[PDB]
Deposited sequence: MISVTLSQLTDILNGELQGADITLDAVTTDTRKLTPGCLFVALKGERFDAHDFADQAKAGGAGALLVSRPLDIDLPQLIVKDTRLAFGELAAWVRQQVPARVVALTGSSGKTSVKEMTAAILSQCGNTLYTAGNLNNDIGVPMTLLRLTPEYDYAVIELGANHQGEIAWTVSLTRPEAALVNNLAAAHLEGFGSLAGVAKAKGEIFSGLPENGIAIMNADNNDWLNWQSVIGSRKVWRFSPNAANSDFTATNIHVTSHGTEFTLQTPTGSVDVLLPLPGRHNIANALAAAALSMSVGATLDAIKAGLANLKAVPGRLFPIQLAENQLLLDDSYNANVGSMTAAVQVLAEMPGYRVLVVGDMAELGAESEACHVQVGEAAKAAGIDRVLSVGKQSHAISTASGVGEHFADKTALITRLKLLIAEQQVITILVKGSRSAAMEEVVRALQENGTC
């Protein structure tokens, strides 16, 4: 936040001042988050009118109240027509007051990893702020934007959308120098929505999109004549490319080719899909100045989310890939592809999937057949359905409990000096136990 006076806000938020003037230096919508003499914005959701929490905010030390009606609270009030709007507007205003290179992103999948990778890289460049958690809606964006100060050098704003019109609002507040749509997944309506992100770009702004997944046909009417950047590992029209992809026991090594040159980087996250994210992140970072050196160093310190292709170094050359969070045909079939490229003797350790009905048997068979065709060295399984996988893989063995698996697994680990293990199963299968047990 920046210091602002109630009288200045009457103009800014188009609202009436009903009390003395005051300087604010902090604003919040949460009673559990009051600061001495801050502005308490009383929002009204459907199942909550924070106006009824006015007295509490006063009692907490709130200096004034931003509200949509007069309240009998001995505190300077700023009566505006709509608080949802005013909150966003106040955030818009604050963002205009700071010198931070603001950049934004959306998509159907990967918003968080592209955000985190972009933030990780720009952090090598200067003081950077990024969206916290999944605060990407009409309330979360203002909250994120409101955290800005003259001390920030960069700002990575993640924008989410559920319906149309939503991103249009938030980018108007954010006014990013570069905007990115990571991907799409009816579909045209989602494309229309995410495409809205390009409307907040200045005339010198850069529109970035996925060469392998976009809606340029329609997005060109909103990006207009602005500069355009495309990322993809090998797309013909890609600006951010990935060559010499060599998967290692650590992560993926590759030559990242950007519009200014290339740098051989090490992406420490299992999964080829992270290579694309890294390209998006490189694009976003570079739009606001990041150097190749900054990109390489930013990527190099990424950490995976436990239970999701989470690498765990057992001993030398003994890699465990914790992907025990959940599992369905898609994520499972994909897991096999990840393992298949891994170094050494590869063991797919699995448990039942969260599949439904008569197609369950078939779904396990497929995954087995996939590991079979992938050349997986061995598949140890537990469950009353997962036998289908190990059976179909033409290799591997099945167990009646996880304890017998862990034992045979440990032996295999001691037996094979170079092994890559991938543990994965449905939530109900509780495969983390195999992972815990191993470490």
> Which parts of the deposited sequence have no C-alpha atoms in the model?
Replying inline: 186-193, 448-452
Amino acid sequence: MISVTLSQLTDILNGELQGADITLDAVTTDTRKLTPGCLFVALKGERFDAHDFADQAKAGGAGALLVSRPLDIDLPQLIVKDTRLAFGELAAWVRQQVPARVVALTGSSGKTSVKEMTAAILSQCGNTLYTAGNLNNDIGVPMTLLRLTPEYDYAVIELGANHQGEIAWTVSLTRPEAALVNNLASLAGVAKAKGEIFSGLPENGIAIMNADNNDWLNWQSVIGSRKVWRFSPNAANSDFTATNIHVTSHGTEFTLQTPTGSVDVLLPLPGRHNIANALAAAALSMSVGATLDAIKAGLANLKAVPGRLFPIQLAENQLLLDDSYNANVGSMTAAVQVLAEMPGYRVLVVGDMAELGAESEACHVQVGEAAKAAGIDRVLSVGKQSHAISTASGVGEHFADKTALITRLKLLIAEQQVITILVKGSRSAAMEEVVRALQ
From here on, numbers count along this sequence of modelled residues.
>> Which is higher on mean Cα B factor in this entry, 426-434 or 413-421?
In response: 413-421
>> Mean CA temperature factor from the deposited coordinates, higher in 268-276 or in 173-181?
In response: 268-276
>> Per the entry's Cα B factor values, which of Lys111, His163, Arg101, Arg230 stands out as the maximum?
In response: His163
> Among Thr248, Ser238, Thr260, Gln124, which residue carries the highest C-alpha B-factor recorded in the PDB entry?
Replying inline: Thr248
> Lowest, middle or highest third: where is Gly394 by Cα B-factor in its chain?
Replying inline: middle
> Mind checking which third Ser285 falls in for C-alpha B-factor across the chain?
Replying inline: middle
>> How does the C-alpha B factor of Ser7 compare with the rest of the chain: lowest, middle or highest third?
In response: middle
>> Using the temperature factors of the C-alpha atoms in this entry, rank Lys58 within its chain: lowest, middle or highest third.
In response: highest
>> Lowest, middle or highest third: which one holds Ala354 when the chain's residues are ordered by CA B-factor from the entry?
In response: highest
